[PDB]
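Inspection log for the structure reproduced underneath, given as structure tokens.
Derivation of every value follows stated rules applied to the coordinates shown; laboratory data play no part. Reconstructed Cβ throughout: ideal geometry from the backbone, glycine too, with neighbour counts over all protein chains shown.
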Ligand SMILES: *[C@@H]1O[C@H](CO)[C@@H](O)[C@H](O)[C@H]1NC(C)=O
Ligand SMILES: *[C@@H]1O[C@H](CO)[C@@H](O)[C@H](O)[C@H]1NC(C)=O
Ligand SMILES: *[C@@H]1O[C@H](CO)[C@@H](O)[C@H](O)[C@H]1NC(C)=O
Ligand SMILES: *[C@@H]1O[C@H](CO)[C@@H](O)[C@H](O)[C@H]1NC(C)=O
Ligand SMILES: *[C@@H]1O[C@H](CO)[C@@H](O)[C@H](O)[C@H]1NC(C)=O
Ligand SMILES: *[C@@H]1O[C@H](CO)[C@@H](O)[C@H](O)[C@H]1NC(C)=O
């Protein structure tokens, strides 16, 4: 599950089981580390114009 | 390069060693003939709605 | 501004020209903590199929 | 049911008989009308593809369709601002309220701007901005703020003219109408105490001027009752 | 600024009429030392209106005023042959 | 410009009312504005 | 730059013309933007699939083109029916419509013909040379309360005059300009002086 | 696989701008109505019935 993002921290507690949650649009919003098992939230940087 | 249209003399300032001259729409408004190297305005004929 | 107007002369005002931004800086790849091999190659080679 | 069409009233016309009112009622009523939407912009090639270049290479075989869609949404975004300018930049000056607040008993204090709140709205405008809210969906819970959904180039622009600016505009409107009457709209402001101004508005509806002086306390209490019921109706869930 | 950071434009404090709109009440103009200046706008000239409950003001002269107003009439009537636009 | 936009099938249609015809009208509007005032608008 | 309204009639014309001549230079995933180069190289079978991508980009572009003229020329006739309301009322008569017929007290209006537009000339009145005066709502003379039949009870301080609402032209207060109604009891701000009889 | 997602997403943009421009037309017409209504209801006393 690849892409470009800014990976922030996570403190509000779902349930135990699966890897990813995803948004209304179906893209992922918050993703599992496969070793340490916490969640990095995917935010971007610099969307928009000049 | 085929098509239809009328042939007139361009008698205008033309880029020296390609045969084609083009418009905004990248069609040949001017061609140079391969036999005698003279620049001919290929424009399409008189048309319109009725 | 000249290219987004498609004009050599640019008039006075506000012009949204570039719609760009967004930038890669680094590369994280996280694979799991797995080091073992497995029988994925040795189920082709030999006799009893 | 079949709809009841209205109250039947066969009014007794006669060829020499006629009806003339002996009293009246001063009534205020409320119209609500929209101006201009959310200023919104969308990037083409972040929305259609996350950071793919061959997206843009296949897109340029179609060409630059979404760039004229950027022309369309910036045409939308400039008509937001000129619709806002044509509904609020209709005056030239900023008119300022006097602190001495004699109006012939007409207590204006519900529709006066409030200096106690830092928001300088009126009380019914504070109730009105508390009524209509952005509590509808999770989209606008952080597209009301600046942190932003991730949505890929979809952006919300803030307007040029903000709420305290147009509150200062409508305070200047209410001040210029409340002191000059209508006479500021043609040019300079020409101040006038309320009795002649309202009495010529009775001449503007075509009755005389003396009935204001006869019934000025009654229309003062009728006005304060009338501005009571509309803030009760705003206080209701109408 | 509330619409994000602007660069290359001089932040001043003084209020003027809005030449170039930016956003959130901030506007831009070209000051003559020539520089692009950025400013919160002026909403208009402040007129403290001197109310009296027993006195008025009355004009004694005039200025008749021709003002110019511009409204469009028609769009330019263009049409194509449809398949000739597709395929000559 | 106009022959390049001609030769892709696109035409530009001329108006029925020319600008002289328009200037014939706006003169004749202004002529009754001076001489008849407004009375020609509601009748003769 | 007040013709820049009418220049954007020409500009939003000529942008959309110069757009759609350049969308023939688009290829939509085919091998060529231009038509006959596909036809000179490939047999219909396999020239068919290139021109399948070509006309569907081309039909998409042209229906898009008309749709912005459909929103614009609706806005043009909305402006034109606005403008024809001025030529029915502001130009043809003298209207009471506040700043529909321009800013100020509207006198008459004049049309001037532009390309794709009419310039309107709202000739209006703006008053000037203002002066503070002391007003009264009513004057009672013999106990009975007099009110002006037109205009406003005005004072310079020395004398209680009457002039009209729009303009300083002071008149001696007669019976003929002022109607009597009631007695001076309910009126706040009553002024006790004479009323002239001619 | 790419181009069908491209055409659906860009077609969502033309659908979105057609419903956005007709919202622009109607709230533009209400804004014109609001400007006229404030300019004659507020800044004067109109005689026009209701
Ligand atoms: C290895 O991965 C498992 C599951 O992904 C996890 O529970 C465990 O803590 C990991 N161990 C280390 C040392 O990271
Ligand atoms: C062949 O081409 C040359 C180059 O223009 C020309 O001079 C010559 O006359 C041509 N000969 C014939 C037979 O057409
Ligand atoms: C395939 O080869 C490996 C080593 O060469 C051997 O260990 C394995 O048993 C072979 N597979 C089978 C199915 O015999
Ligand atoms: C009303 O109608 C009656 C019946 O014809 C008639 O005698 C009378 O004169 C009418 N009055 C008027 C004012 O027309
Ligand atoms: C602008 O405002 C700040 C704070 O109000 C003040 O310190 C500064 O001197 C001002 N600058 C000018 C040029 O007025
Ligand atoms: C105007 O205000 C003064 C000061 O309060 C007061 O004495 C006077 O009676 C008022 N006049 C009217 C007509 O209200």
Criterion: more than 30 Å from residue D:232 (Cβ to Cβ), in a loop (DSSP other than H, G, I, E, B) and either more than 14 Å from chain G (Cβ to nearest Cβ) or within 16 Å of ligand 2 (Cβ to nearest atom) (or both) - qualifying residue of D:30, D:2: D:2
Meets criteria (closer than 17 Å to residue E:52 by Cβ and buried (at least 20 other Cβ atoms within 10 Å of the Cβ)) for residue G:135: yes
From the options C:35, C:25, residue that is within 24 Å of the chain's Cα centre (by Cα) and part of a loop (DSSP other than H, G, I, E, B): C:25
Out of G:25, G:1, G:32, sole residue that is surrounded by fewer than 19 Cβ atoms within 10 Å (Cβ to Cβ) and under 27 Å from the mean Cα position of the chain (by Cα): G:1
Selection count, the range G:106-136, where residues are more than 9 Å from chain E (Cβ to nearest Cβ) and over 21 Å from residue G:6 (Cβ atoms): 2
Among residues of the range F:17-38, those that are in a loop (DSSP other than H, G, I, E, B) and either within 10 Å of chain G (Cβ to nearest Cβ) or over 21 Å from residue G:94 (Cβ atoms) (or both), counted: 4
Residue list for the range E:1-19, restricted to those being over 23 Å from residue D:97 (Cβ atoms) and within 13 Å of chain D (Cβ to nearest Cβ): E:1, E:2, E:3, E:4, E:5, E:17, E:18, E:19
So residue B:1, is it farther than 27 Å from residue F:12 by Cβ, in a loop (DSSP other than H, G, I, E, B) and either within 13 Å of chain G (Cβ to nearest Cβ) or within 16 Å of ligand 6 (Cβ to nearest atom) (or both): yes
Residue match in the range D:98-118 (condition: within 14 Å of chain G (Cβ to nearest Cβ), buried (at least 16 other Cβ atoms within 10 Å of the Cβ) and touching a strand residue (DSSP E or B) at 6+ places or on another chain (Cβ under 6 Å)): no
Number of the exception - residue D:82 against (1) outside any helix (DSSP H, G or I); (2) surrounded by fewer than 15 Cβ atoms within 10 Å (Cβ to Cβ); (3) out of contact with any helix residue (DSSP H, G or I) (no Cβ under 6 Å at 6 or more places or on another chain): (1)
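Which residue, of B:42, B:24, is buried (at least 17 other Cβ atoms within 10 Å of the Cβ), away from ligand 6 (no atom under 16 Å from the Cβ) and under 23 Å from residue F:5 (Cβ atoms)? Walk me through how you get there before you give the answer.
On the way: B:24 fails: buried (at least 17 other Cβ atoms within 10 Å of the Cβ).
Every option except B:42 fails the conditions.
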Qualifying position, being loosely packed, with under 10 Cβ neighbours inside 10 Å, more than 16 Å from ligand 6 (Cβ to nearest atom) and under 30 Å from residue A:42 (Cβ atoms), among C:20, C:31, C:40: C:31
Restricting the range E:20-38 to residues that are assigned to a loop (DSSP other than H, G, I, E, B) and within 12 Å of another protein chain (Cβ to nearest Cβ), the residue that is nearest to the chain's Cα centre (by Cα): E:25
Residue check for residue G:74: within 14 Å of chain D (Cβ to nearest Cβ), in a helix (DSSP H, G or I) and surrounded by fewer than 16 Cβ atoms within 10 Å (Cβ to Cβ): yes
Residue check, residue A:10 away from ligand 1 (no atom under 16 Å from the Cβ) and closer than 21 Å to residue C:24 by Cβ: no
Among residues of the range C:1-10, those that are surrounded by 10 or more Cβ atoms within 10 Å (Cβ to Cβ) and part of a loop (DSSP other than H, G, I, E, B), counted: 3
